[PDB]
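Colleague: Sharing start-v9.txt below, compact mmCIF, C-alpha atoms:
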```txt
# COMPACT_ATOMS: atom_id res chain seq x y z
CA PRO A 1 -38.39 7.75 -12.29
CA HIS A 2 -41.48 8.68 -10.24
CA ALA A 3 -42.14 6.50 -7.19
CA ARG A 4 -42.58 8.67 -4.08
CA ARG A 5 -44.54 11.89 -3.76
CA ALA A 6 -44.58 14.33 -0.87
CA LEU A 7 -45.50 17.87 0.12
CA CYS A 8 -42.31 18.49 2.14
CA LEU A 9 -38.77 18.89 0.79
CA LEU A 10 -36.46 17.06 3.20
CA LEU A 11 -33.50 19.37 3.83
CA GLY A 12 -31.90 17.45 6.70
CA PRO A 13 -28.81 15.28 6.25
CA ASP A 14 -29.82 11.90 4.83
CA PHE A 15 -28.67 9.28 2.30
CA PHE A 16 -29.86 7.39 -0.77
CA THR A 17 -29.59 3.59 -0.68
CA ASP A 18 -29.00 3.58 -4.44
CA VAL A 19 -27.40 0.74 -6.40
CA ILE A 20 -25.68 1.27 -9.75
CA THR A 21 -24.64 -1.17 -12.52
CA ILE A 22 -21.21 -0.05 -13.74
CA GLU A 23 -18.51 -1.59 -15.93
CA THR A 24 -14.73 -1.39 -15.58
CA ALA A 25 -12.06 -0.97 -18.25
CA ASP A 26 -11.78 -4.78 -18.38
CA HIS A 27 -15.51 -4.92 -19.32
CA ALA A 28 -16.42 -6.63 -16.02
CA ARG A 29 -20.07 -5.82 -15.37
CA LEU A 30 -20.56 -5.21 -11.65
CA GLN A 31 -23.27 -3.59 -9.55
CA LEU A 32 -22.60 -1.68 -6.35
CA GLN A 33 -24.69 0.03 -3.66
CA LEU A 34 -24.11 3.67 -2.73
CA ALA A 35 -25.10 5.93 0.16
CA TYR A 36 -24.81 9.61 -0.90
CA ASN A 37 -24.67 11.38 2.44
CA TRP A 38 -26.35 14.62 1.31
CA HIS A 39 -27.92 17.80 2.67
CA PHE A 40 -29.34 21.07 1.41
CA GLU A 41 -27.35 24.27 1.93
CA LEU A 42 -29.01 27.67 2.35
CA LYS A 43 -26.82 30.58 3.43
CA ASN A 44 -29.72 33.05 3.64
CA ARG A 45 -32.79 31.18 4.90
CA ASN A 46 -35.39 33.86 4.25
CA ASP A 47 -34.62 35.17 0.75
CA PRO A 48 -37.43 34.23 -1.68
CA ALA A 49 -35.11 33.65 -4.64
CA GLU A 50 -32.68 31.23 -2.97
CA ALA A 51 -35.48 29.67 -0.91
CA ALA A 52 -37.57 28.89 -4.00
CA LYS A 53 -34.45 27.72 -5.86
CA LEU A 54 -34.73 24.55 -3.76
CA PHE A 55 -37.78 23.43 -5.78
CA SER A 56 -36.11 24.21 -9.12
CA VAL A 57 -35.48 20.56 -9.99
CA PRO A 58 -38.63 18.48 -9.32
CA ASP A 59 -36.81 15.15 -8.79
CA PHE A 60 -33.62 16.21 -7.01
CA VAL A 61 -33.08 12.73 -5.52
CA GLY A 62 -33.14 11.11 -8.95
CA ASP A 63 -31.07 13.89 -10.51
CA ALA A 64 -28.34 13.55 -7.88
CA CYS A 65 -28.38 9.74 -8.03
CA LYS A 66 -28.15 9.60 -11.83
CA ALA A 67 -25.49 12.33 -12.04
CA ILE A 68 -23.28 10.66 -9.44
CA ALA A 69 -23.84 7.26 -11.07
CA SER A 70 -22.84 8.61 -14.48
CA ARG A 71 -19.72 10.30 -13.12
CA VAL A 72 -18.69 7.22 -11.11
CA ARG A 73 -19.15 4.84 -14.03
CA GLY A 74 -17.37 7.20 -16.43
CA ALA A 75 -14.35 7.31 -14.15
CA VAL A 76 -14.49 3.56 -13.36
CA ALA A 77 -14.67 2.40 -17.00
CA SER A 78 -11.12 3.77 -17.40
CA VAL A 79 -9.55 1.59 -14.67
CA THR A 80 -9.04 -2.15 -14.38
CA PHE A 81 -10.90 -4.55 -12.10
CA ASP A 82 -7.84 -4.95 -9.85
CA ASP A 83 -7.60 -1.20 -9.34
CA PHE A 84 -11.33 -0.91 -8.59
CA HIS A 85 -10.95 -3.71 -6.07
CA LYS A 86 -7.85 -2.33 -4.31
CA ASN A 87 -8.75 1.38 -4.28
CA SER A 88 -12.49 0.69 -4.45
CA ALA A 89 -13.50 3.54 -2.15
CA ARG A 90 -10.58 5.80 -3.11
CA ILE A 91 -11.27 5.96 -6.85
CA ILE A 92 -15.05 6.16 -6.42
CA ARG A 93 -14.68 9.07 -4.00
CA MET A 94 -12.19 10.73 -6.36
CA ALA A 95 -14.72 10.17 -9.15
CA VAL A 96 -17.71 11.76 -7.40
CA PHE A 97 -15.87 15.06 -6.81
CA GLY A 98 -12.74 14.86 -8.99
CA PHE A 99 -10.48 17.83 -8.26
CA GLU A 100 -7.31 18.59 -6.27
CA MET A 101 -7.40 20.93 -3.27
CA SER A 102 -5.80 18.83 -0.49
CA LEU A 103 -3.01 11.21 -6.21
CA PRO A 104 -4.01 14.03 -3.86
CA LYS A 105 -7.47 14.17 -2.33
CA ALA A 106 -9.85 16.64 -3.94
CA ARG A 107 -12.21 18.18 -1.38
CA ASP A 108 -15.14 17.45 0.93
CA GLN A 109 -18.07 18.98 -0.97
CA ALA A 110 -20.08 17.83 -4.01
CA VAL A 111 -22.32 20.84 -4.64
CA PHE A 112 -25.08 21.16 -7.23
CA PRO A 113 -25.55 24.90 -7.91
CA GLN A 114 -29.03 24.46 -9.41
CA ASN A 115 -30.77 23.70 -6.10
CA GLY A 116 -28.12 23.94 -3.37
CA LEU A 117 -27.99 20.18 -2.78
CA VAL A 118 -24.52 19.33 -1.43
CA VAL A 119 -23.60 15.64 -1.38
CA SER A 120 -21.48 15.75 1.78
CA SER A 121 -19.92 12.33 1.19
CA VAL A 122 -20.28 9.12 -0.81
CA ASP A 123 -20.11 5.57 0.57
CA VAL A 124 -19.89 2.23 -1.26
CA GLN A 125 -21.51 -0.82 0.32
CA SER A 126 -20.90 -3.95 -1.80
CA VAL A 127 -18.95 -4.72 -4.98
CA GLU A 128 -21.39 -7.42 -6.19
CA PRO A 129 -20.35 -8.29 -9.62
CA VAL A 130 -23.51 -10.02 -10.72
CA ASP A 131 -22.20 -12.36 -13.42
CA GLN A 132 -21.55 -15.87 -12.11
CA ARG A 133 -18.23 -15.94 -13.98
CA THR A 134 -16.83 -12.91 -12.17
CA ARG A 135 -18.40 -14.89 -9.32
CA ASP A 136 -16.93 -18.18 -8.29
CA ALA A 137 -13.96 -18.09 -10.62
CA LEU A 138 -12.53 -15.40 -8.38
CA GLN A 139 -13.35 -18.04 -5.76
CA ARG A 140 -10.58 -20.15 -7.26
CA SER A 141 -8.31 -17.17 -6.55
CA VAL A 142 -9.05 -17.25 -2.81
CA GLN A 143 -8.44 -21.00 -2.76
CA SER B 1 -10.77 25.22 -21.23
CA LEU B 2 -7.58 16.90 -25.61
CA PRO B 3 -8.73 20.02 -23.75
CA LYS B 4 -12.26 20.29 -22.39
CA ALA B 5 -14.62 22.42 -24.45
CA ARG B 6 -17.13 24.26 -22.24
CA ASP B 7 -20.13 23.80 -19.95
CA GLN B 8 -23.01 24.94 -22.17
CA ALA B 9 -24.87 23.29 -25.06
CA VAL B 10 -27.15 26.11 -26.23
CA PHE B 11 -29.81 25.96 -28.93
CA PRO B 12 -30.33 29.54 -30.19
CA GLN B 13 -33.74 28.78 -31.73
CA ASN B 14 -35.60 28.47 -28.41
CA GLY B 15 -33.06 29.19 -25.66
CA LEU B 16 -32.87 25.57 -24.49
CA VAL B 17 -29.45 25.04 -22.91
CA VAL B 18 -28.45 21.42 -22.26
CA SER B 19 -26.45 22.07 -19.09
CA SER B 20 -24.80 18.64 -19.09
CA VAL B 21 -25.00 15.16 -20.59
CA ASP B 22 -24.81 11.87 -18.68
CA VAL B 23 -24.44 8.30 -19.98
CA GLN B 24 -26.05 5.47 -18.01
CA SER B 25 -25.29 2.08 -19.61
CA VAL B 26 -23.19 0.90 -22.56
CA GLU B 27 -25.52 -2.02 -23.44
CA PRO B 28 -24.32 -3.38 -26.66
CA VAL B 29 -27.40 -5.34 -27.60
CA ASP B 30 -25.92 -8.02 -29.86
CA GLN B 31 -25.25 -11.27 -28.01
CA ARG B 32 -21.85 -11.52 -29.73
CA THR B 33 -20.60 -8.22 -28.34
CA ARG B 34 -22.24 -9.79 -25.29
CA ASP B 35 -20.74 -12.85 -23.72
CA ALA B 36 -17.68 -13.02 -25.93
CA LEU B 37 -16.40 -9.99 -24.07
CA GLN B 38 -17.27 -12.22 -21.11
CA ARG B 39 -14.39 -14.46 -22.17
CA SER B 40 -12.22 -11.34 -21.84
CA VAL B 41 -13.11 -10.88 -18.16
CA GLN B 42 -12.42 -14.56 -17.52
CA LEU B 43 -8.95 -13.95 -18.95
CA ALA B 44 -8.85 -10.56 -17.20
CA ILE B 45 -9.04 -12.24 -13.80
CA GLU B 46 -7.00 -15.23 -15.01
CA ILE B 47 -4.04 -12.90 -15.63
CA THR B 48 -4.54 -11.85 -12.00
CA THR B 49 -4.71 -15.25 -10.29
CA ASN B 50 -1.68 -16.26 -12.35
CA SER B 51 0.02 -12.96 -11.48
CA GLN B 52 -0.50 -13.35 -7.72
CA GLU B 53 0.49 -17.03 -7.65
CA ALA B 54 3.59 -16.31 -9.74
CA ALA B 55 4.58 -13.61 -7.25
CA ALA B 56 3.88 -16.07 -4.42
CA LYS B 57 6.00 -18.66 -6.22
CA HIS B 58 8.79 -16.10 -6.61
CA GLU B 59 8.60 -15.21 -2.91
CA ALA B 60 8.66 -18.89 -1.93
CA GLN B 61 11.80 -19.43 -4.02
CA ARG B 62 13.36 -16.36 -2.38
CA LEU B 63 12.56 -17.73 1.08
CA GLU B 64 13.68 -21.25 0.15
CA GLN B 65 17.03 -20.01 -1.18
CA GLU B 66 17.48 -17.78 1.88
CA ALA B 67 16.70 -20.73 4.15
CA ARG B 68 19.09 -22.92 2.16
CA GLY B 69 21.61 -20.07 2.22
CA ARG B 70 21.57 -19.98 6.03
CA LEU B 71 21.59 -23.78 6.19
CA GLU B 72 24.82 -23.64 4.18
CA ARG B 73 26.14 -21.14 6.73
CA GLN B 74 25.28 -23.45 9.62
CA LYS B 75 26.59 -26.62 7.95
CA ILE B 76 29.99 -25.06 7.23
CA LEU B 77 30.24 -23.47 10.69
CA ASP B 78 29.35 -26.73 12.44
CA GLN B 79 31.88 -28.56 10.27
CA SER B 80 34.46 -25.93 11.23
CA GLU B 81 33.78 -26.61 14.92
CA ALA B 82 34.00 -30.34 14.21
CA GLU B 83 37.39 -29.80 12.56
CA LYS B 84 38.45 -27.71 15.56
CA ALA B 85 37.72 -30.65 17.86
CA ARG B 86 39.24 -33.08 15.36
CA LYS B 87 42.47 -31.10 15.70
CA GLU B 88 42.94 -32.21 19.32
CA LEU B 89 41.48 -35.63 18.46
CA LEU B 90 44.22 -36.08 15.86
CA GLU B 91 46.86 -34.71 18.24
CA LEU B 92 45.84 -37.41 20.72
CA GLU B 93 45.71 -40.03 17.96
CA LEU C 1 -12.44 -10.14 -34.24
CA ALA C 2 -12.49 -6.51 -33.05
CA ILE C 3 -12.78 -7.64 -29.44
CA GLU C 4 -10.63 -10.73 -30.07
CA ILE C 5 -7.70 -8.44 -30.95
CA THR C 6 -8.38 -6.85 -27.55
CA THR C 7 -8.54 -9.94 -25.33
CA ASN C 8 -5.41 -11.18 -27.09
CA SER C 9 -3.81 -7.75 -26.69
CA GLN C 10 -4.49 -7.55 -22.94
CA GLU C 11 -3.43 -11.14 -22.24
CA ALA C 12 -0.26 -10.67 -24.31
CA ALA C 13 0.57 -7.59 -22.23
CA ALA C 14 -0.20 -9.59 -19.08
CA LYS C 15 2.06 -12.38 -20.36
CA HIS C 16 4.81 -9.84 -21.05
CA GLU C 17 4.44 -8.38 -17.55
CA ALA C 18 4.54 -11.86 -16.00
CA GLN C 19 7.77 -12.63 -17.85
CA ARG C 20 9.19 -9.30 -16.66
CA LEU C 21 8.28 -10.13 -13.06
CA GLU C 22 9.51 -13.72 -13.38
CA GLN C 23 12.88 -12.62 -14.76
CA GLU C 24 13.16 -9.92 -12.08
CA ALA C 25 12.35 -12.50 -9.40
CA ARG C 26 14.87 -14.91 -10.93
CA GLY C 27 17.32 -12.01 -11.22
CA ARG C 28 17.11 -11.33 -7.48
CA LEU C 29 17.22 -15.05 -6.71
CA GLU C 30 20.52 -15.14 -8.60
CA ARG C 31 21.67 -12.23 -6.42
CA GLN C 32 20.75 -14.09 -3.24
CA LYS C 33 22.19 -17.44 -4.34
CA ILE C 34 25.58 -15.92 -5.16
CA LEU C 35 25.66 -13.80 -2.00
CA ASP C 36 24.76 -16.77 0.21
CA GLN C 37 27.42 -18.85 -1.54
CA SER C 38 29.90 -16.03 -0.91
CA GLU C 39 29.09 -16.14 2.81
CA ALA C 40 29.41 -19.93 2.71
CA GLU C 41 32.86 -19.56 1.12
CA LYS C 42 33.74 -16.99 3.79
CA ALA C 43 32.97 -19.55 6.50
CA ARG C 44 34.65 -22.31 4.47
CA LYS C 45 37.82 -20.21 4.63
CA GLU C 46 38.16 -20.73 8.39
CA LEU C 47 36.82 -24.27 8.03
CA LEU C 48 39.67 -25.05 5.64
CA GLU C 49 42.18 -23.26 7.87
CA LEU C 50 41.11 -25.56 10.70
CA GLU C 51 41.16 -28.58 8.39
CA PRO D 1 -33.75 0.70 6.60
CA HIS D 2 -36.73 1.38 8.90
CA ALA D 3 -37.33 -1.21 11.62
CA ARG D 4 -37.59 0.49 15.02
CA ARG D 5 -39.44 3.68 15.90
CA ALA D 6 -39.30 5.66 19.11
CA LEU D 7 -40.08 9.04 20.65
CA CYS D 8 -36.80 9.28 22.59
CA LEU D 9 -33.31 9.80 21.17
CA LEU D 10 -30.95 7.59 23.18
CA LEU D 11 -27.91 9.72 24.01
CA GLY D 12 -26.25 7.36 26.50
CA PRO D 13 -23.25 5.22 25.60
CA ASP D 14 -24.40 2.10 23.75
CA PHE D 15 -23.43 -0.14 20.83
CA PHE D 16 -24.79 -1.53 17.56
CA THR D 17 -24.61 -5.31 17.08
CA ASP D 18 -24.18 -4.78 13.35
CA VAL D 19 -22.73 -7.34 10.93
CA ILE D 20 -21.14 -6.36 7.61
CA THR D 21 -20.27 -8.38 4.48
CA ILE D 22 -16.87 -7.18 3.28
CA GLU D 23 -14.30 -8.43 0.78
CA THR D 24 -10.50 -8.37 1.00
CA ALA D 25 -7.93 -7.62 -1.70
CA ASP D 26 -7.76 -11.38 -2.39
CA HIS D 27 -11.53 -11.30 -3.18
CA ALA D 28 -12.35 -13.45 -0.13
CA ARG D 29 -15.95 -12.66 0.79
CA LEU D 30 -16.27 -12.60 4.58
CA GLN D 31 -18.85 -11.25 7.00
CA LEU D 32 -18.01 -9.83 10.41
CA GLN D 33 -19.94 -8.50 13.41
CA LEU D 34 -19.22 -5.05 14.84
CA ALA D 35 -20.03 -3.22 18.06
CA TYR D 36 -19.68 0.58 17.54
CA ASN D 37 -19.37 1.83 21.09
CA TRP D 38 -21.00 5.23 20.52
CA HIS D 39 -22.43 8.21 22.39
CA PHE D 40 -23.81 11.66 21.68
CA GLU D 41 -21.71 14.71 22.58
CA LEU D 42 -23.25 18.05 23.56
CA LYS D 43 -20.94 20.72 24.96
CA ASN D 44 -23.77 23.20 25.65
CA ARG D 45 -26.83 21.23 26.75
CA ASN D 46 -29.39 24.03 26.62
CA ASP D 47 -28.72 25.82 23.31
CA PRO D 48 -31.65 25.31 20.90
CA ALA D 49 -29.46 25.12 17.79
CA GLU D 50 -27.04 22.43 18.98
CA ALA D 51 -29.79 20.65 20.91
CA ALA D 52 -32.02 20.37 17.83
CA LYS D 53 -29.01 19.42 15.69
CA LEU D 54 -29.30 15.98 17.32
CA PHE D 55 -32.45 15.23 15.29
CA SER D 56 -30.90 16.46 12.03
CA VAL D 57 -30.40 12.96 10.61
CA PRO D 58 -33.58 10.87 11.10
CA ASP D 59 -31.84 7.46 11.06
CA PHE D 60 -28.54 8.19 12.84
CA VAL D 61 -28.04 4.52 13.79
CA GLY D 62 -28.28 3.42 10.16
CA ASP D 63 -26.20 6.35 8.94
CA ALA D 64 -23.38 5.56 11.37
CA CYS D 65 -23.53 1.83 10.66
CA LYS D 66 -23.46 2.24 6.88
CA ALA D 67 -20.73 4.91 6.95
CA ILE D 68 -18.47 2.83 9.19
CA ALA D 69 -19.19 -0.28 7.11
CA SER D 70 -18.29 1.53 3.89
CA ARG D 71 -15.06 2.93 5.34
CA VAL D 72 -14.05 -0.43 6.84
CA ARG D 73 -14.68 -2.34 3.62
CA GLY D 74 -12.93 0.31 1.52
CA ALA D 75 -9.83 0.01 3.66
CA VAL D 76 -10.04 -3.80 3.89
CA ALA D 77 -10.39 -4.42 0.13
CA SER D 78 -6.82 -3.07 -0.21
CA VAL D 79 -5.21 -5.67 2.10
CA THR D 80 -4.79 -9.42 1.82
CA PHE D 81 -6.62 -12.08 3.81
CA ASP D 82 -3.49 -12.88 5.83
CA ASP D 83 -3.12 -9.24 6.88
CA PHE D 84 -6.82 -8.99 7.82
CA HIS D 85 -6.42 -12.14 9.90
CA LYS D 86 -3.21 -11.10 11.70
CA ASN D 87 -4.00 -7.41 12.30
CA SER D 88 -7.76 -7.99 12.20
CA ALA D 89 -8.61 -5.49 14.93
CA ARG D 90 -5.67 -3.18 14.18
CA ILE D 91 -6.50 -2.45 10.54
CA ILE D 92 -10.26 -2.24 11.15
CA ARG D 93 -9.70 0.27 13.96
CA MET D 94 -7.27 2.21 11.76
CA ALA D 95 -9.92 2.12 9.03
CA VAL D 96 -12.79 3.50 11.12
CA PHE D 97 -10.84 6.64 12.10
CA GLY D 98 -7.81 6.69 9.79
CA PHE D 99 -5.44 9.48 10.84
CA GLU D 100 -2.18 9.86 12.78
CA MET D 101 -2.08 11.74 16.10
```
Let me see whether you can do it: turn the structure in this file into structure tokens.
Modeller:
Amino acid sequence: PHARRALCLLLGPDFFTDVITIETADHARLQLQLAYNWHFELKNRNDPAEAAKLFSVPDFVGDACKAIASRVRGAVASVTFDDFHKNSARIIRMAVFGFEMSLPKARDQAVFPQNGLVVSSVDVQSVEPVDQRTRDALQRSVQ
Amino acid sequence: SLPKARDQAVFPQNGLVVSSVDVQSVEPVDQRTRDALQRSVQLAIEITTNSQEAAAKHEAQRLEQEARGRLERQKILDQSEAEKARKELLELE
Amino acid sequence: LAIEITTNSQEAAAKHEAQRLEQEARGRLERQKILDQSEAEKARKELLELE
Amino acid sequence: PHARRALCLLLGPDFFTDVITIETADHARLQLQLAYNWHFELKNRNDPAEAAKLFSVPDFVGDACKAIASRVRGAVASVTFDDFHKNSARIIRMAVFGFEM
């Protein structure tokens, strides 16, 4: 909730090595690490209103992480484990910015209007599932 | 907007607008809604290992019958050539 | 029992799907067996002409 | 996350001896080492904007490694072990830069 503290608001492109604990429609509890390639967007970088709108939310990292986690888990809990293992990146990316402007791919921008934080992209790192029973009982499958 | 409602949860008393709501973890605390649903996931992956091995078994039967189907082609063709040669063999005999 | 009627419901649907796939696989195996036997009879036609 | 630290941004062609832990569609957990032959590209090597855009991301090595790892594993988890052993290099290379030109 409150771990780091700094005087400078990092606007450059970066990422959050966040891990979430989600559950699928089959009730399989699994945790997964995310990246959240993000950056701040300011069209007019001298205007006081827009410029101060950056510091509107005091914990923008946590806000973005929790919002994306909620959206991802809400979309995942409606699909089976097999789907979330085949289209693991596809459905999570569709979840983060669910729309259609390109079945069809949505877009390439996850914008938060409150502070101008645009999550440029989302990356998944490891589908863990923590429980030892979703662990090496799937190992009998590979055998 | 079945259908979605809106994007504003306003309290008129003080002007506090809940812009959005996010859920983080469906816990259920009781140990019985706990790992008895865990037997469901064991069967949820069991109906997958069985499903993939059944499909593999079906493919193996398809390949085996195809292989046996072509072996029947070759056996009959070779026997036809053998009968061809047996024609002159029986002429000579 | 509220989740039991769910694990049973999802495994019954999985069992139904497996039977559907098994019958479809057996259905196409019956297609291939008969077709291969038809080709075998085709060749057996000239085999029996020669015989 | 933060191991090395330097004053110079290496722009020359190099590689990252990174290893990933991915999983296939059969749920076979496997790890694999990658190279990532990379280089920086600057069309106008005096312009302040483009020139300073190099230092936009502070951990470009980690960003590239994690992005490529995520894309590779996302594409691999949709194919079987046999496919990822026959076309091991083909599907991973298609994954890193999936397109058709």
Colleague: Counting all atoms listed in the file, which residues of chain A come no farther than 9 Å from chain D, as a PyMOL selection string?
Modeller: chain A and resi 12-15+17+35+37+82+85-90+122-127+138-139+141-143
Colleague: In Å to one decimal, how far is atom CA of residue 13 of chain C from atom CA of residue 27 of chain A?
Modeller: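 Atom CA of residue 27 of chain A sits 16.6 Å away from atom CA of residue 13 of chain C.
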Colleague: Which is closer to residue 31 of chain C than all the others in B:85, B:66, B:15, B:72, using all atoms listed in the file?
Modeller: B:66
Colleague: Could you work out how far atom CA of residue 1 of chain A lies from atom CA of residue 34 of chain A, giving the answer in Å with one decimal?
Modeller: 17.7 Å
Colleague: Nearest residue to chain D out of B:48, B:79, B:38, B:61, using only C-alpha atoms?
Modeller: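 For chain D, the nearest of the candidates is B:48.
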Colleague: Could you list, as an NGL selection string, every residue of chain B that has an atom within 6 Å of an atom of chain A, counting only C-alpha atoms?
Modeller: :B and (22-24 or 41 or 49)
Colleague: For residue 28 of chain C, please output as a short mmCIF file (atom, residue, chain, number, x, y, z; two decimals) with C-alpha atoms, keeping the file's coordinate frame all residues within 12 Å (counting only C-alpha atoms; exclusion window: fewer than 6 positions along the same chain).
Modeller:
```
data_model
loop_
_atom_site.label_atom_id
_atom_site.label_comp_id
_atom_site.auth_asym_id
_atom_site.auth_seq_id
_atom_site.Cartn_x
_atom_site.Cartn_y
_atom_site.Cartn_z
CA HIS B 58 8.79 -16.10 -6.61
CA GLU B 59 8.60 -15.21 -2.91
CA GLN B 61 11.80 -19.43 -4.02
CA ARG B 62 13.36 -16.36 -2.38
CA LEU B 63 12.56 -17.73 1.08
CA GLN B 65 17.03 -20.01 -1.18
CA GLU B 66 17.48 -17.78 1.88
CA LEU C 21 8.28 -10.13 -13.06
CA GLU C 22 9.51 -13.72 -13.38
CA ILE C 34 25.58 -15.92 -5.16
CA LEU C 35 25.66 -13.80 -2.00
#
```
Colleague: Quick one: segment 34-53 of chain D with N, CA and C atoms, as a PDB file, in the first residue's frame?
Modeller:
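For reference, part-v9.pdb as written:
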```pdb
ATOM      1  N   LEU D  34      18.444 -17.800 -24.233  1.00  0.00           N
ATOM      2  CA  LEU D  34      18.261 -16.965 -25.410  1.00  0.00           C
ATOM      3  C   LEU D  34      19.462 -16.046 -25.593  1.00  0.00           C
ATOM      4  N   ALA D  35      19.556 -15.465 -26.788  1.00  0.00           N
ATOM      5  CA  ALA D  35      20.683 -14.611 -27.151  1.00  0.00           C
ATOM      6  C   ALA D  35      20.300 -13.148 -27.319  1.00  0.00           C
ATOM      7  N   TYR D  36      19.270 -12.851 -28.114  1.00  0.00           N
ATOM      8  CA  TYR D  36      18.817 -11.481 -28.374  1.00  0.00           C
ATOM      9  C   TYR D  36      19.934 -10.627 -28.983  1.00  0.00           C
ATOM     10  N   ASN D  37      20.314 -10.982 -30.210  1.00  0.00           N
ATOM     11  CA  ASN D  37      21.201 -10.111 -30.969  1.00  0.00           C
ATOM     12  C   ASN D  37      20.497  -8.782 -31.215  1.00  0.00           C
ATOM     13  N   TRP D  38      20.982  -7.721 -30.572  1.00  0.00           N
ATOM     14  CA  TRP D  38      20.312  -6.430 -30.511  1.00  0.00           C
ATOM     15  C   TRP D  38      21.278  -5.322 -30.906  1.00  0.00           C
ATOM     16  N   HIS D  39      20.718  -4.141 -31.158  1.00  0.00           N
ATOM     17  CA  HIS D  39      21.503  -2.938 -31.412  1.00  0.00           C
ATOM     18  C   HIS D  39      20.577  -1.732 -31.376  1.00  0.00           C
ATOM     19  N   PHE D  40      21.143  -0.575 -31.048  1.00  0.00           N
ATOM     20  CA  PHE D  40      20.375   0.659 -31.090  1.00  0.00           C
ATOM     21  C   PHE D  40      20.401   1.251 -32.496  1.00  0.00           C
ATOM     22  N   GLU D  41      19.304   1.911 -32.864  1.00  0.00           N
ATOM     23  CA  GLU D  41      19.158   2.491 -34.193  1.00  0.00           C
ATOM     24  C   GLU D  41      18.858   3.975 -34.055  1.00  0.00           C
ATOM     25  N   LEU D  42      19.717   4.809 -34.639  1.00  0.00           N
ATOM     26  CA  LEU D  42      19.543   6.256 -34.631  1.00  0.00           C
ATOM     27  C   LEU D  42      19.756   6.773 -36.044  1.00  0.00           C
ATOM     28  N   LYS D  43      18.679   7.237 -36.678  1.00  0.00           N
ATOM     29  CA  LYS D  43      18.774   7.722 -38.051  1.00  0.00           C
ATOM     30  C   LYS D  43      19.454   9.085 -38.117  1.00  0.00           C
ATOM     31  N   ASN D  44      19.257   9.914 -37.099  1.00  0.00           N
ATOM     32  CA  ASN D  44      19.774  11.279 -37.059  1.00  0.00           C
ATOM     33  C   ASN D  44      20.586  11.419 -35.773  1.00  0.00           C
ATOM     34  N   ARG D  45      21.876  11.099 -35.854  1.00  0.00           N
ATOM     35  CA  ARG D  45      22.718  11.056 -34.661  1.00  0.00           C
ATOM     36  C   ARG D  45      23.308  12.411 -34.284  1.00  0.00           C
ATOM     37  N   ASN D  46      22.501  13.471 -34.292  1.00  0.00           N
ATOM     38  CA  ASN D  46      22.807  14.678 -33.535  1.00  0.00           C
ATOM     39  C   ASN D  46      21.579  15.322 -32.906  1.00  0.00           C
ATOM     40  N   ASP D  47      20.372  14.925 -33.299  1.00  0.00           N
ATOM     41  CA  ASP D  47      19.163  15.580 -32.827  1.00  0.00           C
ATOM     42  C   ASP D  47      18.977  15.341 -31.332  1.00  0.00           C
ATOM     43  N   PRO D  48      18.786  16.393 -30.532  1.00  0.00           N
ATOM     44  CA  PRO D  48      18.644  16.188 -29.081  1.00  0.00           C
ATOM     45  C   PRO D  48      17.469  15.305 -28.701  1.00  0.00           C
ATOM     46  N   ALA D  49      16.332  15.433 -29.387  1.00  0.00           N
ATOM     47  CA  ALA D  49      15.145  14.671 -29.005  1.00  0.00           C
ATOM     48  C   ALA D  49      15.370  13.174 -29.176  1.00  0.00           C
ATOM     49  N   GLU D  50      15.715  12.749 -30.395  1.00  0.00           N
ATOM     50  CA  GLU D  50      15.959  11.331 -30.642  1.00  0.00           C
ATOM     51  C   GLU D  50      17.143  10.829 -29.828  1.00  0.00           C
ATOM     52  N   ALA D  51      18.190  11.645 -29.710  1.00  0.00           N
ATOM     53  CA  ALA D  51      19.389  11.227 -28.995  1.00  0.00           C
ATOM     54  C   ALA D  51      19.095  10.976 -27.517  1.00  0.00           C
ATOM     55  N   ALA D  52      18.293  11.847 -26.898  1.00  0.00           N
ATOM     56  CA  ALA D  52      17.919  11.653 -25.502  1.00  0.00           C
ATOM     57  C   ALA D  52      16.829  10.604 -25.339  1.00  0.00           C
ATOM     58  N   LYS D  53      16.112  10.271 -26.416  1.00  0.00           N
ATOM     59  CA  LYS D  53      15.122   9.203 -26.340  1.00  0.00           C
ATOM     60  C   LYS D  53      15.755   7.852 -26.031  1.00  0.00           C
TER      61      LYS D  53
END
```
